[PDB]
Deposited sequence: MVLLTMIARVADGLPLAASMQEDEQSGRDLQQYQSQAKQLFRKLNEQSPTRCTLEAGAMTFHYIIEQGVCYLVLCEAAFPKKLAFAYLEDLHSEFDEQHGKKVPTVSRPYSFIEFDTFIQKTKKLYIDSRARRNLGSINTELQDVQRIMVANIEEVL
């Protein structure tokens, strides 16, 4: 029921936009980048990975992977609706520049929309495939 959002270009795993808040992040941010590395043109376009007390959820559109991590208790139904809201906005704004950039995090300013959209999902008042993550790695 917490946060971790990464938007990367699937070809190289180039980070495009992310968002993290703590007050550890070091381990699951590693597995996130191990995943972006393995992802290729044959990977499932939608998936869910089990990481013990945590659980990854990602979709893929236009060669862009939208990854999210949370505690396994978080409704998987909501996680993909969260990634869908990110993609449609991100694709609408930066979909045509993704295959041209070469800097890491060339869309840091997408930080804004990530966190204002994130809050609409981590508050109950506001209102595919499964595989253990240790395998794919």
- Task: Compare the deposited sequence with the modelled residues and state the ranges that are missing C-alpha positions.
- Result: 24-28, 133-147
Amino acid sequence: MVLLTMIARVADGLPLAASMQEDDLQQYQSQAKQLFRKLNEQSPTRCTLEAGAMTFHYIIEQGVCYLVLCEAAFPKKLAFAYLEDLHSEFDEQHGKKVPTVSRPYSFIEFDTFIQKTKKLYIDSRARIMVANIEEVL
From here on, numbers count along this sequence of modelled residues.
- Message: Where both flanking residues are modelled in the other PDB entries compared, is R125 itself missing in a third or more?
- Response: no
- Averaging C-alpha B-factors over each stretch, which comes out higher, 44-52 or 59-67? 44-52
- Item | 106-114 versus 86-94 - greater average Cα B-factor per the deposited record | 86-94
- In this PDB entry, which of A32, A79, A72, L39 has the top CA B-factor? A72
- Is the Cα B-factor recorded for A18 in the lowest, middle or highest third of its chain? lowest
- Should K119 be placed in the lowest, middle or highest third of its chain by the C-alpha B factor in the entry? middle
- Task: Pull the Cα B-factor of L4 out of the PDB entry and bin it into the chain's lowest, middle or highest third.
- Result: middle
